[PDB]
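Here is the structure we will look at.
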Amino acid sequence: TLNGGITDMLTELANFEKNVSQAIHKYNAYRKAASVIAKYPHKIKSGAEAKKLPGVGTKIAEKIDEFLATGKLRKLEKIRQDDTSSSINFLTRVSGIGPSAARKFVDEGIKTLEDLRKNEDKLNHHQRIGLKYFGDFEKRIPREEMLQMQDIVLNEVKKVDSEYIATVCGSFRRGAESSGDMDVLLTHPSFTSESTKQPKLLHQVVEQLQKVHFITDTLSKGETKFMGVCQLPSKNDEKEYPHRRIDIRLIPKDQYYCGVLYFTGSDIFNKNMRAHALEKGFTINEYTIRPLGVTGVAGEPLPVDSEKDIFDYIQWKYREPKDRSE
DNA sequence: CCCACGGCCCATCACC
DNA sequence: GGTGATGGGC
DNA sequence: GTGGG
Ligand SMILES: Nc1ccn([C@H]2C[C@H](O)[C@@H](COP(=O)(O)NP(=O)(O)OP(=O)(O)O)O2)c(=O)n1
Ligand SMILES: [Mg+2]
Ligand SMILES: [Mg+2]
Ligand code: NA
Ligand code: NA
């Protein structure tokens with residue numbers, strides 16, 4: 001974090017544009033510039049120096065010049081003093097409350113943590129849980145604990161069926177010493193791009209994790225994606241662990257590599273790799289990589305036998321998980 | 001100067 | 001109930 | 001907010 005001051009500012013600007021302005025491309029623009037600056041190995045001495053990087057234009061250069069001279073940004077000082085912006089920004093930190101619901105709550109006078117707790121009935125299920133574990137969801141997860149959770153999930157899934165393969169992805173797979181949540185990619189031989197030869201493959205895994213009281217809540221649940229809450233078990237007299245967010249994604253087994261590429265991330269790395277794919281004449285999702293015709297309609301899935309194959313198609317030298325933290 | 005900005009699962013809602 | 005848009009999120 | 005064509 002040579003330029004922590006700058007990337008903090010841009011991130012705060014990104015969050016403002018997303019939550020308050022509801023201008024999602026300004027949000028992406030700021031997080032993009034913040035990302036490319038974060039890996040810049042020198043201590044930026046000027047906005048013009050920053051402008052040389054792809055993603056940093058004139059406006060951000062100006063803001064960097066102001067920040068380096070005064071240590072702060074007036075655009076942000078103002079935003080920080082607005083009640084509406086502060087209320088809306090706070091509300092969006094509750095899982096299940098997006099920019100729209102946040103602004104709508106404020107119109108009704110519901111703008112504090114106490115307001116949410118007294119008005120539980122005006123929340124849907126996701127928001128109710130997000131409020132419930134608002135404190136825990138602010139806490140990060142030490143890799144030490146991620147290791148415990150990994151072993152539990154993997155052993156529980158082995159117990160359901162020895163042919164399930166569960167892989168922890170996300171920031172954990174990228175080698176982070178701390179994670180915001182747990183991300184699990186799941187495969188089973190019965191579920192391929194060809195056919196689902198067995199119903200409820202994800203349900204049974206969730207069921208099992210619920211019966212050992214690992215999974216405690218459910219935010220959403222379909223045939224391929226689980227979004228919910230989990231908690232490590234504690235020993236006698238030992239104070240309980242915080243509740244953690246957990247994401248489980250069931251992917252067709254023959255499409256494991258695109259799946260594990262996708263959910264390893266990061267989100268910004270994924271954005272960059274797929275944009276580059278489009279430039280190179282391909283399109284990548286969590287299932288396949290396809291060519292673009294002169295048309296703009298995708299062709300057939302190209303053969304993929306590894307993560308490196310995907311990198312190869314678009315003329316990218318392979319980058320290990322720990323070098324994908326953009 | 002113009003425009004597109006990665007790709008998609010689940011919950012909810014509007015409409016027929 | 002089917003379909004499609006929208007919100008929130010990965 | 002930024003940048004390729
Ligand atoms: N916008 C997004 C968000 C997530 N993802 C994929 C890549 C992420 O690594 C993976 C999990 O999302 P995530 O849990 O919100 N972020 P991630 O695990 O990378 O970092 P953490 O904050 O969880 O530690 O989903 C994506 O492709 N596009
Ligand atoms: Mg994660
Ligand atoms: Mg996640
Ligand atoms: Na630039
Ligand atoms: Na939220």
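Just so it is clear: chains get the letters A, B, ... in the order the sequence lines come, proteins before strands, and each one is counted from 1. What's counted below: heavy atoms across the whole structure, side chains too, no hydrogens, waters or symmetry copies.
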Next on the checklist: Considering every strand and a 4.0 Å limit on heavy-atom distances, what is the contact class for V94(A): base, sugar-phosphate, or nothing?
Outcome noted: sugar-phosphate
Item to check | Mutual orientation of the aromatic rings belonging to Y133(A) and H243(A) [parallel < 30°, tilted 30-60°, perpendicular > 60°] | outcome: parallel
Item to check | Interatomic distance where CZ belongs to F263(A) and P belongs to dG9(C) [whole Å] | outcome: 15 Å
Item to check | Whole angstrom value for the distance that separates P of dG1(D) from CG of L73(A) | outcome: 11 Å
Next on the checklist: Under 4.0 Å, counting only non-hydrogen atoms across every strand here, what does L53(A) touch: a base, just sugar-phosphate, or nothing?
Outcome noted: sugar-phosphate
Next on the checklist: Keeping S178(A) on the side-chain end and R140(A) on the backbone end, is there a donor-acceptor pair under 3.5 Å?
Outcome noted: no
Checklist entry - For residues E49(A) and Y40(A), is any side-chain donor paired with an opposing acceptor at under 3.5 Å? => result yes
Checklist entry - Nearest-Å distance, NZ (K32(A)) to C1' (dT2(D))? => result 7 Å
Next on the checklist: Apply side-chain contact (heavy atoms from CB on, under 4.5 Å) to residues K280(A) and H276(A) and explain how you reach the verdict.
Outcome noted: CA-CA 6 Å; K280(A) 286 300 193 174; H276(A) 183 249; 3.7 Å; yes
Checklist entry - Relative to the ring of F269(A), is the ring of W316(A) parallel (under 30°), tilted (30 to 60°) or perpendicular (over 60°)? => result tilted
Checklist entry - In whole Å, what is the span from the CG atom of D181(A) to the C1' atom of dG9(C)? => result 11 Å
Checklist outcome for this item: note: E17(A), atom CD; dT2(D), atom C1'; distance rounded to Å ~ 13 Å
Item to check | Atom-pair distance (CD1 on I24(A); P on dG8(C)), nearest Å | outcome: 11 Å
Item to check | Per-nucleotide protein contact string for nucleotides 5-13 of chain B, where B marks a base within reach and S marks sugar-phosphate only (heavy atoms under 4.0 Å, - for neither) | outcome: BBBSBSS--
Item to check | Pucker class of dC10(C), from the sign of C1'-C2'-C3'-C4' | outcome: north
Checklist entry - Hey, what else clusters with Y262(A) if you join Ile, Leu, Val, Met, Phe, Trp, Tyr whenever side-chain heavy atoms sit under 4.5 Å? => result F263(A)
Item to check | Ring-face cation of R143(A) near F172(A) (centre distance under 6.0 Å, axis angle within 45°) | outcome: yes
Item to check | Nearest-angstrom distance from the residue atom CD1 of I248(A) to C1' of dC10(C) | outcome: 13 Å
Item to check | Spacing between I37(A) atom CD1 and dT2(D) atom P, to the nearest angstrom | outcome: 10 Å
Item to check | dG6(B) versus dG4(D) - spacing of their P atoms, nearest Å | outcome: 15 Å
Next on the checklist: Using a 4.0 Å heavy-atom cut-off, does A101(A) contact any base of the nucleic acid, only the sugar-phosphate backbone, or nothing at all?
Outcome noted: sugar-phosphate
Next on the checklist: Base, sugar-phosphate or nothing for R103(A)? Non-hydrogen atoms, less than 4.0 Å.
Outcome noted: nothing
